[PDB]
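J.: Pasting in a structure now, in structure tokens, and then I'll have a few things to ask.
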Amino acid sequence: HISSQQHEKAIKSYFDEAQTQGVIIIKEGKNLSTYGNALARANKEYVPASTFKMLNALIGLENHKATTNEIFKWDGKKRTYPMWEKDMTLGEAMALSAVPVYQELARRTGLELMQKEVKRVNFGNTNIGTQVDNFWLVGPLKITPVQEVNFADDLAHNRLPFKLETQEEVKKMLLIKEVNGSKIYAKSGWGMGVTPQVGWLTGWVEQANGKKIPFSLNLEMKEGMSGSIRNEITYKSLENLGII
Ligand SMILES: *C(=O)c1cc2cc(C(N)=O)ccn2c1N[C@@H](C(=O)O)[C@](C)(COC(N)=O)S(=O)O
């Protein structure tokens, strides 16, 4: 009973309130819907930043570079945040967006196997360059918000070219919110070492009836901008649309 015009205007205002430019792609079945205050972003390329961890984890686990219970030990060197200065599993590192662990995993996989695997799943522009430990943070790997929802959709439905158990292992690392019967599985991302900076929140809502609705929020981040606006805007948009 709410007009399409009202939905579009409501979601535009969430991005306007946050004083940024962004888009949120929602996918229902085969149909893509683009909301926000910068709809042209939808098919533009950005570095994936931490959202690459989802694929890093799939690759590492398929190729036996790690197990889900293995503990990556803090080497005792100072890390960007105190929370990263501890021993953690892949799942814990995913929740904390703990790059040092994912760089270690990237190094275990190695450049040649990484380039091969990123080409095989056909992720973004598929170019990882020559540095195995930062291609997802500063380039050359780039991906569009549309490609990100499609990846989220593939993962949520076990359609990626990986074992079913690999995909289940990673999906289980991604639960970030329960909203009475609805479960939100997503990975956030913030590319700080690039201009302009890019923010991501990519995932899907699993509803009580078992239906899965993939999304990808993509916006421009500034200095002094808080990381949880990505979440605030996403939840507000999913709720506005009655998805949660
Ligand atoms: C993830 O994109 C991310 C990578 C890095 C890398 C560095 C570095 N010094 O090399 C610093 C910060 N990074 C990231 N962002 C996280 C962060 O805490 O800075 C991020 C804000 C994580 O917060 C959550 N939700 O875990 S982001 O959303 O990944």
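Chain lettering (A, B, ...) mirrors the order of the structure tokens, residue numbering begins at 1 for each chain separately, and ligand numbering begins at 1 in order of display.
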Can I get the residues of chain A within 8 Å of ligand 1, each with the closest pair of atoms and their distance in Å to one decimal, using only C-alpha atoms and all ligand atoms, sorted chain first then ascending number, as a tab-separated table?
T.:
```
residue	atom	partner	partner_atom_place_in_ligand_line	distance
A:48	CA	ligand 1	2 (O)	7.7
A:49	CA	ligand 1	2 (O)	4.2
A:50	CA	ligand 1	2 (O)	3.2
A:51	CA	ligand 1	2 (O)	6.6
A:79	CA	ligand 1	9 (N)	7.7
A:80	CA	ligand 1	9 (N)	5.4
A:81	CA	ligand 1	18 (O)	7.5
A:94	CA	ligand 1	26 (O)	7.4
A:95	CA	ligand 1	26 (O)	5.6
A:96	CA	ligand 1	26 (O)	4.3
A:97	CA	ligand 1	26 (O)	4.4
A:98	CA	ligand 1	4 (C)	7.3
A:99	CA	ligand 1	4 (C)	5.7
A:100	CA	ligand 1	10 (O)	8.0
A:137	CA	ligand 1	4 (C)	6.9
A:187	CA	ligand 1	28 (O)	7.5
A:188	CA	ligand 1	28 (O)	4.2
A:189	CA	ligand 1	29 (O)	3.8
A:190	CA	ligand 1	2 (O)	4.2
A:191	CA	ligand 1	2 (O)	5.6
A:192	CA	ligand 1	12 (C)	6.9
A:199	CA	ligand 1	28 (O)	7.3
A:200	CA	ligand 1	28 (O)	7.3
A:201	CA	ligand 1	28 (O)	7.7
A:227	CA	ligand 1	21 (C)	5.5
A:228	CA	ligand 1	25 (N)	7.4
```
J.: Counting only C-alpha atoms, give me one row per residue of range 62-147 of chain A with an atom at most 12 Å from an atom of range 13-37 of chain A, showing the shortest contact pair and its distance in Å to one decimal, sorted by chain then residue number, as a tab-separated table.
T.:
```
residue	atom	partner	partner_atom	distance
A:144	CA	A:25	CA	10.6
A:145	CA	A:25	CA	7.1
A:146	CA	A:25	CA	6.9
A:147	CA	A:25	CA	10.0
```
J.: So that I have them on file, write out the residues from the current selection with N, CA and C atoms, as a PDB file, in the first residue's frame.
T.:
```
ATOM      1  N   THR A 144      31.849  -4.012  -8.998  1.00  0.00           N
ATOM      2  CA  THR A 144      30.722  -3.082  -8.962  1.00  0.00           C
ATOM      3  C   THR A 144      29.708  -3.560  -7.946  1.00  0.00           C
ATOM      4  N   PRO A 145      28.953  -2.609  -7.358  1.00  0.00           N
ATOM      5  CA  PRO A 145      27.887  -2.975  -6.437  1.00  0.00           C
ATOM      6  C   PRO A 145      26.941  -4.054  -7.006  1.00  0.00           C
ATOM      7  N   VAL A 146      26.697  -4.039  -8.324  1.00  0.00           N
ATOM      8  CA  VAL A 146      25.862  -5.076  -8.976  1.00  0.00           C
ATOM      9  C   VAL A 146      26.516  -6.474  -8.911  1.00  0.00           C
ATOM     10  N   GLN A 147      27.800  -6.542  -9.270  1.00  0.00           N
ATOM     11  CA  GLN A 147      28.570  -7.762  -9.119  1.00  0.00           C
ATOM     12  C   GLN A 147      28.603  -8.237  -7.662  1.00  0.00           C
TER      13      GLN A 147
END
```
J.: Check the smallest atom-to-atom distance from each of A:61, A:170, A:221, A:11 to residue 197 in chain A using only C-alpha atoms, then report the winner.
T.: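 Ranked by minimum distance to residue 197 in chain A, first place goes to A:221.
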J.: Out of A:38, A:141, A:173, A:83, which residue has the shortest atom-to-atom distance to residue 58 in chain A when counting only C-alpha atoms?
T.: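 Using only C-alpha atoms, the shortest distance to residue 58 in chain A belongs to A:173.
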